[PDB]
Amino acid sequence: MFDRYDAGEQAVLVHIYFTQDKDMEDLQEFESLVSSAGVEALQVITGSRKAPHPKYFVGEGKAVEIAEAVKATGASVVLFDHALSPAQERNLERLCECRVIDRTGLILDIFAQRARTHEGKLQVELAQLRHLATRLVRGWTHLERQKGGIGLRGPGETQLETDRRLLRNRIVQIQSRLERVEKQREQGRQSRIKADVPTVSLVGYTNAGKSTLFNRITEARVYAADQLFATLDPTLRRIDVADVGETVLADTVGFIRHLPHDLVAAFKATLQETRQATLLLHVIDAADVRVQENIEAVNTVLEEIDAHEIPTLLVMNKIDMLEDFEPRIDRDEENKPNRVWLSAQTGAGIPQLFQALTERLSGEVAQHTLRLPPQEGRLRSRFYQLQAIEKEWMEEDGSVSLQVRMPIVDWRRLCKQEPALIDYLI
RNA sequence: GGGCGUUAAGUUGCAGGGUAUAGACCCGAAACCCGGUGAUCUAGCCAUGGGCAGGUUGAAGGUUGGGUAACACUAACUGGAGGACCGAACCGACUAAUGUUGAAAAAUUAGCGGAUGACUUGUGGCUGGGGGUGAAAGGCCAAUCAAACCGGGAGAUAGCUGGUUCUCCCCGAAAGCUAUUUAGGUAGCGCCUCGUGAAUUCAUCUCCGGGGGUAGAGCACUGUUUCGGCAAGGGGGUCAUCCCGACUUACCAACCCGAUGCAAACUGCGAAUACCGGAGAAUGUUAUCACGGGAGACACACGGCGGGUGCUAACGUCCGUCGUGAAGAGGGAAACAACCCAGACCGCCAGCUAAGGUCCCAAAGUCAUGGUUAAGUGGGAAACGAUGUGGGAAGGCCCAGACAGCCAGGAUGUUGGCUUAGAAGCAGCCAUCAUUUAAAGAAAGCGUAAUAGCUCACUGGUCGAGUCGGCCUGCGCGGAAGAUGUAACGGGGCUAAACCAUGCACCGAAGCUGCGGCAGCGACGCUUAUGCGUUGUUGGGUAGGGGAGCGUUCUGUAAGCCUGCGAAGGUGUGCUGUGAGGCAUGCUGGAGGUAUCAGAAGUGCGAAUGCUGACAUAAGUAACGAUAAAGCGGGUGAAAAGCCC
RNA sequence: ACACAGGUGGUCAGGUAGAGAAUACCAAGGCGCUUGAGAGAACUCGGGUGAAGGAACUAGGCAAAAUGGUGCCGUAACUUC
RNA sequence: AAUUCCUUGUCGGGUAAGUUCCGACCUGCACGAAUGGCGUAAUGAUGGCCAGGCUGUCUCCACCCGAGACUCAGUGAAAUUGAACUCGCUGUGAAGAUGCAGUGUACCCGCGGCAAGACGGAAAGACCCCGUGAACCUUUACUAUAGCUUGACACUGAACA
RNA sequence: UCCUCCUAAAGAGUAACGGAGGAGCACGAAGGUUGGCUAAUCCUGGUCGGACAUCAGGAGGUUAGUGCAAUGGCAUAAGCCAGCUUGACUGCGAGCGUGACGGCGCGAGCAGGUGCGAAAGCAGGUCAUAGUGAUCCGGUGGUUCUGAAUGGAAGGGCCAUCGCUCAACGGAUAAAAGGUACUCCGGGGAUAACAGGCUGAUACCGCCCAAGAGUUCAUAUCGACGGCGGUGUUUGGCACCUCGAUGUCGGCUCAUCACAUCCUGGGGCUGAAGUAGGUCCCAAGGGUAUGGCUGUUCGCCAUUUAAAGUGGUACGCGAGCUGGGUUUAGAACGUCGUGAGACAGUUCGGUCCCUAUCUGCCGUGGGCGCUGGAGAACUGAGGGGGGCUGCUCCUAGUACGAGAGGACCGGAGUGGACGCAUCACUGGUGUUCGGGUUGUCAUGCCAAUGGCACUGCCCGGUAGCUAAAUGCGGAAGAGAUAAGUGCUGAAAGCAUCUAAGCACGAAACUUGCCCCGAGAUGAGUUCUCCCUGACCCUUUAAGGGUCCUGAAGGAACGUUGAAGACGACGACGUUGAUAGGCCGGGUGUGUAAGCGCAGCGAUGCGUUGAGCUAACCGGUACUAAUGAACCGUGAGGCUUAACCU
Ligand SMILES: Nc1nc2c(ncn2[C@@H]2O[C@H](COP(=O)(O)OP(=O)(O)NP(=O)(O)O)[C@@H](O)[C@H]2O)c(=O)[nH]1
Ligand SMILES: [Mg+2]
């Protein structure tokens, strides 16, 4: 059952930050959820100061209120922030008329309205599938009432347990198709076997400007806007680097607090690039007070997806609003998990980003000042051919001095192929 | 006036068609209720007697002292308690397994609980059916218990299931509408049948006299639509004198203009066919309608057409409308109710045809001629792919010689400027001209770090007729994988035995045709119940209606007649009719059977898980009753594993 | 329903070993259970023994294997003592 | 949790492996005090679970001993059956073919062995539905009444006041 | 229930849990009548006045207007205003419409009195259809109609009218709730639950288009939005098949096919350094995880292996088992119910029947066949089994690669699983082989020996037999092939793997190995061996009969077997080793008996490796296997030409 719940309708919204201990979503970020969802917003019903209930999630009275609010203002749907167990939705339904949805199914709905690549399709509908598989379970009741209550002769196994197995088969089927996929992108990753494989990946919330930095650094077409899901689909484009020249890039989708469980499980394919990635570049916003939290938000999922062992590089993007500083190097240490001073739409901070990077990935800077007598056209050749002369200075009788800095694999492919009696490089 | 009437042959039999009340054809329910029988099984209770081996624990208590004023404390010693243990007798059933047509309508074997107690048992007693009983389960109440057994109102009713017996000729349904405590029922009418009546009653064909709003078509309207319009109002705008306001709308969107379609519930149009009245001919047994006597039938399926629905599915449902089936046999599509052809009164070792076929199974063309197919297409299929091959129109090039290959040239500006280590025909970038010449691009591909080679585009020459395509089009390939065995022509097998067209022969059904019978039916003549005579015509059939019968048994008829020199009964035998049947005669029989025409019926059986009586069948199989075994010598004895010693 | 493996009350209690009216073996006393004989196949029944391993089997240690006795030694949580 | 749906919730203990279990945890889908709650000595032919032991349970089974199976003799059964000359493959078809089609194979006839089929036997589907079938209970279905409750009047008199 | 529109097929009429919708009244005027008026919407102008009120002027032609659904209706308006009015009367109805009926609709004219207009003439409810109830039993009112001895009266009818959501609307009655798991009765495939059957929306597999990513790149690999197919497995519908019974999930024995490929096998490309992969193609030969957890299939987890392939097969397999889940009665919890009661909410407990006729299956038989008869040896017509593979070194640290890392092929080894076969080894096993010993019994007693107690308990072991033991086995090479790679080579001057014609090419194909195998009804080969007698009548492919012959060979019985269920199949039957014996050896138990002698004794010491000894090896005619008899024969059918006479 790949079915979609629509985004873009009138809704009684109910939310309660006002729970007292877990807390979460001041509302406004949830409103953004609502926004990029395209929901027809109506009103913001809100309850009080409660621990969550075995009842109707929130309190009795407030529940009755949202019910009436629906019945009067005519909301197309009771949107209801913060997740619940299915029966909770059930009892809530008894007091209403319309579809209810937790934070989850919202996020899936919008997610699916965003799907464009077939990969995104499968992992989405997968997350949709695993999610709905739970919730269906109480719904036997009607189906049972029409069934007669005894007379299961033939089958031993009960129905709907049947349906349970159905959706299990769906599940395995979906992932089954997912298999050849991760294998696919992996065949793309065999190229990551070549020893010369820089491999960055970006991370942050949605509207962490990820699209933007990616833009300016790439001179490539990746659209960016206020909305959540401002990007979907990993996106490869190569870039320059002072010490490995080629340098593969691939943008990740932006994050939120408490992104869905099964989402990730479906989403491991897409992030499968992140894991291997040799460096976790991480943009962060500079306008929100949300700062810390978002990092704490991001760290969350990073944990569950491994490779949080990776060296990282923070970029306090959006320095424009703040005039935090002139863009700068910001050695957290000689180690450099550095903060970096950006405003990506201006992107004024870049050169320090690249330079700091230039410090952060290498392993052989013993430079050499190479030289030859009229036999260097081939040298200049190799140097432009592969990476870089650091400096080209011709001199007397065709004797010509140079400086070059390459990673060692070059040094030996060169020392081998060329006579290299020129012998400045090893 | 209008309604009924005015009107104008009935009644008693008798045979019979119904229909009414009764068991109304027979078989069959769960229960309902009344009168009776039980407590020997068990449940409970009552009196009265019995049963409970062996072992072990040790309360209370007692006795003696520590101990302390004493108490507490406490020694032992005895003392013998108890829904107590351990385990036989007796009780009881937890686990396995056999056995489950078993040895036994709950046993068997091995393991288990109680076992001096709310125990167990002898023997008698009392409680009874809507009642008893209940350590209560809805369990027991003679193995039967959510209300016993057993006799009677009892043929309880049964709108369901079953089945309902001899023969020919005639006719032929329906599976619908309305209503239905109705949906598998039944009733009124539709349809069949019979009997009576009467319009030339009707049906086809034509001709005339009609009506119309679907198909189609169409865009005013109805709503929809696309794009130009067009102005267009307008939130802007616009500007500025602040603004008089001008101006701008360059967005905005009507209204109307032009052209585009779209429609079950839009229509300024509007067919066929049907419907409907008149007219006429021929043709059909008045085919019509009215009436009276009887029905069943009320659930239809598929096919062609018109639809709804569905998924423009289903052997799907639901209507329309029509065909076969049902209730129709033949032939063909291999096998085929629902397709094509054709409605079997019966015979005939005659004939011709139908659809459909004709190299063999296998009936007939190895038919004629013309054209295509290269695949076994035929003999399973698409979007789609392509120097497959047939066909076609037209178009391009060319004997001033093209097309293919082949001889050679490939140019100067100028390595274009920019880029840059280097770019320059080929890192780019943008310019990319001008020249020469038949010829050559600042460039189509390779190459170089880059530079410089390498090939065509370009052409001369060469060579000598055709050459390059798009379009249309028949017929073919690619796409194209299934379950147990070739299995997607019936097979053999095909290269014509495929396929396209034309023609001739022939096969091929019960249809038709000749020959021969039989039967209705009308018919006019004949004739009178007559008979005929002639002729036309007809004769597949379940529900169901109608006509004729066959046969048994009794009664009349018979004190007839048949029979002992063989009646009835069995089993032969031939003779005979359209038939059920008769008739003849050998075998047994050893006693009775009934022409003829009447009379009446328990009157005709293959079926009901019919019912009794005889006998098949598994099979000469499984088994023969506890796995506590016998061996022997002698005895009688028709015989000795059994018995006698 | 039977010469059926079921049930049926009360009396009697020999030895030898052992607590014993169990078991073990015999007294007195009955009994060889009304079809056999041959043969030594699967399979079933009822059993006897296993190398290695030791519950991996299996719904589940089901079955089966596995402990017994006498005396002396010593005997936890917890205990309503 | 004998309570939970969700749910193999979370948590750690036990396991190489933990849908059970054990103990916490507390968003108790939908615990709660006589409709008794919380504990607990001992008690269980009680529910779940672990460890020691042994073990043909098994991994895989092997021979031995018994009684049936076999043959021989005597006896002498049943269940069931439209009729038998009662092959496969593949079609076909009241839609799962021994019986048709076309095709393939195959002397005549027992014995013991195996149980896929012969929609094999056994009993009128208990499931499901139908029927103006029945029974039994149920309660604020109706409609009746027993027992019960009020009141009259009679057996019922007397006086006063 | 009733009304309008579509479905509806140009008339009616026509259905669906098909498409839209209205209705249970309103009015004494919204009615009778004559007299007059005629629409919305639109432009200009104009006080508040405005987009939009009122007024003028035009425009325009009912797009307005109908008491409300809708559709047809509508200018002589029906719509509108106003006067007059009760025709919203009264008894009658030519004759029509649609109804099965009940019943419903229109109707002129007339009778009797109205009412309007001058008159013509207009009025028996409204523009039209929707606006509602039969029956009974009663009420109110009238009543020139009855009234039970007569006179009244009560009562009834006659006529007027009233009493209903009887709305499940043709209305079972004044009066009408649930539960069954305790179950029941008669039916049903006329309708569910299982499975098939049909179909493929769904699911599932390809296929086209190429938006894109895939570091540049659309097509190594992915493929967006979209399309056509295929499979007939998943979920569904469809209810034709079964309810006079087809047993249902999981496991457990057991396989069987497909190929839509899990490995191994062969190839194309690669984003193929090699290592490896990824896809694609070709391939069905074989092979393809034990455990934990839960009834599970799954799924998850731990560790493996080359691989842990898919799916079909009544979701293969209950007349083979299993009975944990599934669904009964017991009970409990939460929860819903006032309840009895239920719940797919969970927990406890809970009976698997069939001795095999047919089929087909596995063995193994007897009859007859094969042209006189045997006896042994055959050939191969056909059939089956057989098919896995790791891991190590050698090639060689080589080709590869900067390194790391590490090959191709060839060859050597050495295993897992599986199959085949023998006991010699290792053992297993051993109820007949020996010894130990508790209980007791008996043997007169005695130390001595037997009986019983699971074989009494135990101890080892021959033989037989068996894996756990041990050898052997799956090829090689040919033949013809796939996919692919080729040569040459034209049709088309060039091309070109193809048209011609050669070269390749794999666990698959056919052989190559083993087993089977003339019932191979085509009934075959070679070799051996045997019978070569007379007479009689009938029909003469023919005998028949006499008589006389009986052969090789067959058996029949018996001795027995490593042969065997029985059969069969061996070995032997006195010219003999087949058995049992018997003799020896061998074999294991472990040194006996009796006696001797140290010890009071239990016992011992020496007599002594003792005796004891199967299933065995070597030996031996002691017993048994005797001989007649019995089956079978007596010389071999015609044709046909060959060669010989
Ligand atoms: N002031 C400011 N605005 C910024 C900055 N970076 C991005 N933005 C704006 O914030 C929005 C970020 O869009 P986006 O890049 O898509 O955010 P994202 O984090 O990439 N989301 P996603 O990864 O889903 O695309 C855009 O409007 C972007 O221009 C920044 O550094 N400063
Ligand atoms: Mg981004």
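Backbone N, Cα and C atoms are what each Cβ position is placed from, and that goes for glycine too.
Per Swiss-Prot, these features apply:
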BINDING   A:204-211, A:229-233, A:251-254, A:317-320, A:343-345  GTP binding site
BINDING   A:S211, A:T231  Mg(2+) binding site
DOMAIN    A:198-365  domain 'Hflx-type G'
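Close to A:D233 (GTP binding site) in the fold, though at least 6 residues off in sequence, lie A:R116, A:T117, A:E119, A:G120, A:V253, A:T270, each with a CB less than 8 Å from its CB.
Listed binding-site residues near A:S211 (Mg(2+) binding site): A:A230 (candidates A:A230, A:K318, A:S343; Cα-Cα distance within 10 Å). Taken residue by residue with DSSP, A:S343 (GTP binding site) is part of neither helix nor strand, so it is coil. For ligand 2, the nearby binding-site residues are A:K210; that is, of A:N207, A:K210, A:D233, A:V253, A:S343, these have a C-beta under 6 Å from one of its atoms.
Annotation for A:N207 (GTP binding site): spatial neighbours A:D226, A:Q227, A:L228, A:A230, A:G254, A:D285, criterion Cβ-Cβ under 8 Å with sequence separation of six or more.
If you draw a 10 Å sphere around the CB of A:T231 (Mg(2+) binding site), it holds 21 other CB atoms from the protein chains shown. Reduced to three states, the DSSP call for A:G204 (GTP binding site) is coil. A:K210 (GTP binding site) sits 8 Å from A:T231 (Mg(2+) binding site), taking the Cα positions as reference.
Across the structure, A:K318 (GTP binding site) and A:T231 (Mg(2+) binding site) are spaced 18 Å apart at their Cα atoms. Straight-line distance linking the Cα atoms of A:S343 (GTP binding site) and A:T231 (Mg(2+) binding site), rounded to a whole number, equals 18 Å.
Long-range Cβ neighbours of A:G204 (GTP binding site) (same chain, at least 6 residues apart, Cβ-Cβ under 8 Å): A:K210, A:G254, A:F255, A:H282, A:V283, A:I284, A:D285, A:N294, A:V298.
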